[PDB]
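Chains as they are written, first to last, in PDB author numbering: chain M, 933 to 1075; chain O, 100 to 158; chain L, 1282 to 1398; chain A, 1282 to 1398; chain B, 816 to 932.
Idealized CB from N, CA, C, for every residue including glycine.
Everything below concerns the one structure shown next.
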Amino acid sequence: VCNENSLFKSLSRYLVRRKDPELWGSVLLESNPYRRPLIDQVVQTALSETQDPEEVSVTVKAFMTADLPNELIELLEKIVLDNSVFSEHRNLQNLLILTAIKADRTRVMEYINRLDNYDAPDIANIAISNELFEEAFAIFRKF
Amino acid sequence: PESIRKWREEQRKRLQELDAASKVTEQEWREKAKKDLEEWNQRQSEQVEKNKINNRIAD
Amino acid sequence: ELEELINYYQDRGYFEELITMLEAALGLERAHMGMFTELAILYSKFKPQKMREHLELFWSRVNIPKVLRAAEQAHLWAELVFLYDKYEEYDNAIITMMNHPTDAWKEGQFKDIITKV
Amino acid sequence: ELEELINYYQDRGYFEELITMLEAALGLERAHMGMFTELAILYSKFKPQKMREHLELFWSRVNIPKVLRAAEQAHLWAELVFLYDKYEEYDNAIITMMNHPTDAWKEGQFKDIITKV
Amino acid sequence: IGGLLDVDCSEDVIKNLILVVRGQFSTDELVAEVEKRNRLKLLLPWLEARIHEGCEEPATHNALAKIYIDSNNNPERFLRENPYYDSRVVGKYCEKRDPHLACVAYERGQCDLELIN
């Protein structure tokens, strides 16, 4: 019924209350006309609750199993990193790292100076897979 | 009887003027904005060269 | 049917009859938004100057899509921006001021509403 | 503890200095409404022609009596009406708009706003 | 830990130590410490840990609420879902801060006299 037209913030709230990753995937049918539209508001609205990360986690798990490519998952990474209340880096930074791997854009460079509290070996492996051939050793000594 | 044509042509030509009105307005805005920079940079360069010839005596 | 009476008019070129029958159609207390939707629609059709103010009142009630459509049919962008505002349709206001500034351009309002992109 | 600083300023004649301090305060981050209130206050005593244009913004960030008294010290009547629009206190808006129509009256709003008392 | 309250030491050291064995141990005192410090950040993740373990110490819930107040927000449901702090204190804190939060607190707190006052 909402699909026609509605306050889709309400539907996103149902989502953040309907802990139904399968229903998320139902929303993630990849074929609905409003799908790009709907996601456009669901992202700008997910910021509303900012009190529990449970539905956050189930939504990102859905993202994983829905294998939503770049411009589908990491966009939420971006929106949430904006003064993240859950200011951990696990499942965010690492999960930003994987998105960066899938993206391989200039953004990945300033990722470092944007966040903190990471580990070396992962980014060392990726950077030797990336442009950084001896910056690996320089970061061994550096960061 | 497809009598829409009257008001239809009316509104069509109305917009067909409004466009050109908007365009001459944006053009005048463009040129006046250019004039702003042109009156700005002259004074910038003036003061720059002034302090430059005043202060080169060191390095 | 009310739309079908509309058709029952425009078929004969009863655009004036459309006007007249809307002239007292405002006398309502039990209907819903679609009436006002059509009202602004036929405004845009013939008397587009009047939907602005009234629109600026009943706006809280009417659907999104038909409004978007009729607003386009107006091709009155200095208004469409205000409408996007009412539906907080930022991106649209942005592109429209880009393509239709000198009609729709508002400076500080835009420079503050920009932060939602 | 900065209100007393304002007092310090104006008593010490630091009027332009305190308005500059206002300009400083214009971009704070973790501020309650009282900031904006005293902002409007100093506008009233110094920048009325700026006041209302600023007040177009933080309607949702207001205390009633402070801004009431400031406004009435300015008694910028149309601005008082705008206040009432945000606070839904129709009576006095009507009072003024009657005793101050020329400066402060519009027919459109008057056409319906009366129905609320 | 007395001296930790006393010290105003370097920054990371707390986050480093918090896991240590206990001594003379409370919480409603170190809260007073950070209130002198205005540096809520300290235990926020540790507070998360402690609470999601299931400690129904209102001051903890109260500490939660305080940092939330600090976080420029409205935890209407969070304070709502939490009949484990004291609605009275969480209301009476934000007197100058926000009528809405204290009022809905009294709502869930049934603070009738306080609603009045």
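- Is the stretch 1053 to 1061 of chain M touching the stretch 1015 to 1023 of chain M in the sense that three or more CB pairs, one from each, lie closer than 8 angstroms? Flag = no, the stretch 1015 to 1023 of chain M and the stretch 1053 to 1061 of chain M do not touch.
- Message: List, in chain order, every chain O residue whose beta-carbon is nearer than 9 angstroms to that of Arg-1293 of chain L.
- Response: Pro-100 and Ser-102, listed in chain order.
- Query: What residues of chain O sit near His-1381 of chain L, judged by a beta carbon separation below 9 angstroms?
  - Reply: Close partners of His-1381 of chain L in chain O (Cβ separation under 9 angstroms): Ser-121.
- Query: For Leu-1299 of chain A, does the count of other Cβ atoms within 10 angstroms reach 16, so buried, or fall short, so exposed?
  - Reply: Around the beta carbon of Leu-1299 of chain A, 16 or more other beta carbons lie within 10 angstroms, which makes this residue buried.
- Query: Whose CA, out of B:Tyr-899, B:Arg-912 and B:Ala-864, lies closest to the CA of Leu-834 of chain B?
  - Reply: The shortest CA-to-CA distance from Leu-834 of chain B to any of B:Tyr-899, B:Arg-912 and B:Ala-864 is the one to B:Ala-864.
- Message: Just to make sure I have the definition right: I need the residues of chain M whose C-beta is within less than 8 angstroms of the C-beta of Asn-888 of chain B. Which are they?
- Response: Ordered by position in chain M, the residues that pass the 8 angstroms Cβ test against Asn-888 of chain B are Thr-982.
- Query: If contact means a Cβ-Cβ distance below 8 angstroms, which residues of the stretch 1341 to 1362 of chain L contact chain M?
  - Reply: Within the stretch 1341 to 1362 of chain L, the qualifying residues are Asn-1344, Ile-1345 and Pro-1346.
- Query: What do you reckon, are the CB atoms on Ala-1385 of chain A and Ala-1359 of chain A nearer than 8 angstroms?
  - Reply: Yes, the pair counts as a contact, with Cβ atoms nearer than the cut-off.
- Ordered list of alpha helix (DSSP H) runs contained in the stretch 848 to 905 of chain B, each at least 4 residues: Considered as a whole, the stretch 848 to 905 of chain B harbours 859 to 867, 873 to 885 and 891 to 895 as its complete alpha helix (DSSP H) runs of no fewer than 4 residues, in chain order.
- Query: Does any C-beta atom of chain L lie closer than 8 angstroms to the C-beta of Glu-125 of chain O?
  - Reply: Under the Cβ criterion of 8 angstroms, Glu-125 of chain O is counted among the residues facing chain L.
- Three or more beta-carbon pairs under 8 angstroms between the stretch 827 to 843 of chain B and the stretch 988 to 1000 of chain M, yes or no? Flag = no, the stretch 827 to 843 of chain B and the stretch 988 to 1000 of chain M do not touch.
- Task: Check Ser-942 of chain M in the structure and name its three-state DSSP category.
- Result: Looking at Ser-942 of chain M - three-state DSSP - the assignment turns out to be helix.
- Query: If you drop the 5 nearest sequence neighbours on each side, which residues of the same chain put their C-beta closer than 8 angstroms to that of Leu-1357 of chain A?
  - Reply: Excluding residues within five positions, the ones whose Cβ falls inside 8 angstroms are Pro-1329, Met-1332 and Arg-1333.
- Do we get a CB-CB distance below 8 angstroms when we pair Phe-840 of chain B with the residues of chain M? Cβ-Cβ to chain M under 8 angstroms: no for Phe-840 of chain B.
- Are the Cβ atoms of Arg-912 of chain B and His-1313 of chain A separated by less than 8 angstroms? A contact, by the Cβ cut-off of 8 angstroms.
- Taking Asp-952 of chain M as the reference, give the member of M:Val-990, M:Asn-1057, M:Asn-1049 and M:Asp-999 with the closest Cα. Ranked by Cα distance from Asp-952 of chain M, the options M:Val-990, M:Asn-1057, M:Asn-1049 and M:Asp-999 are led by M:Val-990.
- Item | Supposed close pair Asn-937 of chain M, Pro-1382 of chain L - CB separation, criterion 8 angstroms | Contact annotation, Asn-937 of chain M with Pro-1382 of chain L: C-beta distance approximately 29 angstroms; criterion of less than 8 angstroms not satisfied.
- Run through DSSP, which three-state label would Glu-1003 of chain M get? Three-state DSSP puts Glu-1003 of chain M in coil, outside helix and strand.
- Is DSSP giving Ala-1305 of chain L helix, strand or coil here? In the structure shown, the three-state DSSP call for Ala-1305 of chain L is coil.
- Message: Taking the straight line between their C-alpha atoms, what separation do you get for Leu-1309 of chain L and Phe-1317 of chain L?
- Response: When rounded, the separation of the alpha-carbon atoms in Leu-1309 of chain L and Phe-1317 of chain L is 10 angstroms.
- Enclosing alpha helix (DSSP H) for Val-1362 of chain L [first to last residue]: Taken as a continuous stretch (DSSP letters only), the alpha helix (DSSP H) holding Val-1362 of chain L covers 1358 to 1367.
- Query: What do you get for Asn-877 of chain B, buried or exposed, if any count of 16 or more other CB atoms within 10 angstroms of its CB means buried?
  - Reply: Result: buried.
- Name the chain M residues that come within less than 9 angstroms of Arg-895 of chain B, Cβ to Cβ? Under the 9 angstroms cutoff, chain M gives no residues; its nearest Cβ is about 10 angstroms from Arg-895 of chain B.
- Simplified DSSP state of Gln-925 of chain B, which is helix, strand or coil: When secondary structure is reduced to three states using DSSP, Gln-925 of chain B falls in the coil class, being assigned neither helix nor strand.
- Query: Just checking my contact of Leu-857 of chain B with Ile-829 of chain B at CB under 8 angstroms: how many whole Å lie between their CB atoms?
  - Reply: Going by Cβ atoms, the distance from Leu-857 of chain B to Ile-829 of chain B rounds to 6 angstroms, so yes, they are a contact pair.
- Query: Any chance the stretch 140 to 155 of chain O sits against the stretch 1288 to 1305 of chain A, with 3 or more Cβ pairs inside 8 angstroms?
  - Reply: The answer is no - the stretch 1288 to 1305 of chain A does not touch the stretch 140 to 155 of chain O, with fewer than three Cβ pairs under 8 angstroms.
- Query: Does any C-beta atom of chain M lie closer than 8 angstroms to the C-beta of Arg-865 of chain B?
  - Reply: Output row for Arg-865 of chain B: interface = no.
- Task: Check each candidate in M:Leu-1047, M:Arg-949 and M:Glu-986 and name the one with the smallest Cα separation from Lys-1010 of chain M.
- Result: Closest in C-alpha terms to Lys-1010 of chain M, from the list M:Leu-1047, M:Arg-949 and M:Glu-986, comes M:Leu-1047.
- Task: Closer than 8 angstroms by beta-carbon distance: list the chain M residues that pair up with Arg-854 of chain B, in chain order.
- Result: Scanning chain M for C-beta atoms nearer than 8 angstroms to the C-beta of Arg-854 of chain B yields nothing, as the closest lies near 15 angstroms away.
- Establish whether the CB of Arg-923 of chain B and some CB of chain M are separated by less than 8 angstroms. Chain M, which has no Cβ nearer than 8 angstroms to the Cβ of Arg-923 of chain B, makes this no.
- Within chain O, the residues that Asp-1384 of chain L reaches when beta carbons sit closer than 7 angstroms: Proximity of chain O to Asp-1384 of chain L at the Cβ level (cut-off 7 angstroms) is accounted for by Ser-121, in chain order.
- Query: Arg-892 of chain B CB to nearest chain M CB: under 8 angstroms?
  - Reply: At least one C-beta of chain M is nearer than 8 angstroms to the C-beta of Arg-892 of chain B.
- Query: Given that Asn-937 of chain M touches chain L, what residues does it touch there, using C-beta distances under 7 angstroms?
  - Reply: Below the 7 angstroms Cβ cutoff, chain L contributes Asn-1344, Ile-1345 and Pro-1346 as neighbours of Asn-937 of chain M, in chain order.
- Using a Cβ-Cβ cut-off of 7 angstroms (strictly less than) and excluding sequence neighbours within five positions of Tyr-946 of chain M, which residues of its own chain qualify? Hits under 7 angstroms: none found.
- Contacting residues, own chain, Cβ-Cβ under 7 angstroms from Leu-1303 of chain A (five flanking each side not counted): The residues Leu-1320 and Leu-1323, in chain order, have a CB closer than 7 angstroms to that of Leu-1303 of chain A in the same chain once the five nearest residues on each side in sequence are set aside.
- Task: Taking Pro-1382 of chain L as part of the alpha helix (DSSP H), name the residues at either end of that continuous run.
- Result: Looking at the DSSP string, the run of the alpha helix (DSSP H) that includes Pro-1382 of chain L is 1382 to 1385.
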